[PDB]
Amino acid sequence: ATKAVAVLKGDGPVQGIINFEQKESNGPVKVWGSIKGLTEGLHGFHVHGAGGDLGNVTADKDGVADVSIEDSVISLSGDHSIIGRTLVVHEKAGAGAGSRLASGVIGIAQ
């Protein structure tokens, strides 16, 4: 795939839309979009499984986290393609494990 989208759904007001684009089969993947309804501060952000860490997103005082990352680890093609895998964000601010997630399956757009 060349483009993909995850619709993130969580508890209460947590919801978001994250886009993935990759021009070429082995090339870098642009990840961009936003998540709203979050508590202020850092929230863990990654593709479920191995090889999918996207670090943290930062939610502002309105609970909005804008996302604009380029990542050369993940791919939309090949064996560890993230297509069909689950994108998650921890609803609990800060580091460590969390049980309350907002999530969505990464679906093909193009």
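In this text, residue numbers run from 1 along the sequence as written.
Novice: According to the deposited model, is the average Cα temperature factor higher in 64-72 or in 40-48?
Specialist: Averaged over C-alpha atoms, the B-factors run higher in 64-72.
Novice: Would you mind comparing 26-34 and 55-63 for me and telling me which has the higher average C-alpha temperature factor in the entry?
Specialist: Higher of the two, by average CA B-factor, is 26-34.
Novice: Please work out which residue in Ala97, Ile18, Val89, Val14 has the highest C-alpha B-factor recorded for this crystal structure.
Specialist: The record points to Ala97.
Novice: Ranked by Cα temperature factor within the chain, is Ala109 in the lowest third, the middle third or the highest third?
Specialist: Its C-alpha B-factor, which the entry lists for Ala109, ranks in the middle third among residues of this chain.
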